[PDB]
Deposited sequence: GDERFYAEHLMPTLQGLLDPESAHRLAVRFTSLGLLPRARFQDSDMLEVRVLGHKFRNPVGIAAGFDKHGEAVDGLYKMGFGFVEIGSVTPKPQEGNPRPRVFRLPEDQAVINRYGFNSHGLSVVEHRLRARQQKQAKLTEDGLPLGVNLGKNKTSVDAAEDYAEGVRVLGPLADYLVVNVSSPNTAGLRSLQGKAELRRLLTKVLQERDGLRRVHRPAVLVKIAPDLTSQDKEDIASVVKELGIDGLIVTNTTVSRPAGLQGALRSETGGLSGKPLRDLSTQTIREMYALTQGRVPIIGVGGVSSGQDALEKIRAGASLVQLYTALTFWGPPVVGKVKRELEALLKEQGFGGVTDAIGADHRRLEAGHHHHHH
């Protein structure tokens, strides 16, 4: 009911008042304080868990696990925190976040600023009973694991994240030659298998859209060989699509938001084909409407995430994507999200 107020007045006012990193910090703190029903059609069972709805908040908004409960209150069907590095680290120098308002886009080069595993673990331990309730009610928690800039043993950094935060997570994410990738992911999976849980977390690989065809075939091959549980497609892009209008489009960093929509959907289609539909995909990049979510589901995604759209449309975007997706599924005769997954590949086969 508040869509137009946030879209035309509140969010533009906040963006005019604050630089984007300051607004980001305010948004996390405000969400952490809290303040204010999903159709059965939107339920997805995947990654060994129930998802009450398929619209998650992507990594990088709540990097340090400070606002999880508020994000569920906002309506997200799942929350991914991180990236979290083993030791605290500052990230890149400021300024490091740039708004492209004409393009409904952001460029960032945060550089994995992180409070570190211990601080984040302590925050999640404080709410671990609450999360157990939320997970069993269909609201899972994901943790994106990073590595420290100065680490010479990347696999050791990811393994430490599994040891510290694996007991608290429903899924874990590692952002990504082929033999090196195999060795690293083998270590992560062995550490995951070593946890003493009834519900050990799924392990996912998150990829950028900036990969060669050989890179994508190599990743698909290793993911299937090792039994990785899913893919997150995609991270931000270092590319700059034609026609960007924002004055800051030349800043170095990853571009997110509406300009990433096509590249991410194309990459979802390709990875779904290269894994023969065997590997669940979380589709990410430029989702700001139910139509965007449906396009990624038809391309092969089982779940979607959004981030940049929250910065332009505000909290109302979560209910908007969910109710629009539901309506589009009903309009087009799908029984639920699950029936639409990969529908675009069935069209092409026909």
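- Coordinate coverage of the deposited sequence breaks at 37-41, 182-193, 368-374, these segments carrying no C-alpha atoms.
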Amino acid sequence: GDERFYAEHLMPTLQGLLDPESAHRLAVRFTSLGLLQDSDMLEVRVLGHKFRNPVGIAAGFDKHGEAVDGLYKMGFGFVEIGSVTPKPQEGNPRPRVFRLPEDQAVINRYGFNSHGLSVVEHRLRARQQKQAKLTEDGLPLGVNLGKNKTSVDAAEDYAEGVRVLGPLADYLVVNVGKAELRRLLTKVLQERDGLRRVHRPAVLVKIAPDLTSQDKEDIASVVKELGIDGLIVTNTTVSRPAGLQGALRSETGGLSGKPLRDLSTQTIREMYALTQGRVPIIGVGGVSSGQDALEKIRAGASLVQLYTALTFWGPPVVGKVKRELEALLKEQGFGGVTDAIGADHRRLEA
From here on, numbers count along this sequence of modelled residues.
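For the two forms, the rigid core is made up of the largest set of C-alpha atoms that agree within 1.5 Å on superposition.
- Structural divergence in 9 other deposited structures of this protein between 27-35 and 304-312: following superposition by the core, 27-35 has C-alpha atoms lying farther from the shown form.
- Across the superposed structures in 9 other deposited structures of this protein, aligned by the core, the stretch whose Cα atoms lie more distant on average is 196-204, chosen from 196-204 and 220-228.
- Stretch comparison (24-32 versus 308-316) by mean CA B-factor in the PDB entry places 24-32 on top.
- The question of which stretch, 59-67 or 40-48, has the higher mean Cα B factor is settled in favour of 40-48.
- Which of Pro241, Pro88, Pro280, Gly142 has the largest Cα B-factor in the deposited entry comes down to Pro241.
- When the C-alpha B factors of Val164, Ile219, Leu195, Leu100 are read from the deposited coordinates, the top value falls at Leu195.
- Among all modelled residues in this chain, the alpha-carbon of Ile81 has a temperature factor (C-alpha) in the lowest third.
- In the deposited entry, the Cα temperature factor of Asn108 places it in the lowest third of its chain's modelled residues.
- For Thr212, the recorded CA B-factor ranks within the highest third of the chain. Only modelled residues enter the ranking.
- Annotation for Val203: CA B-factor lies in the lowest third of the chain's modelled residues.
- In the PDB entry, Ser151 places in the highest third of its chain by CA B-factor.
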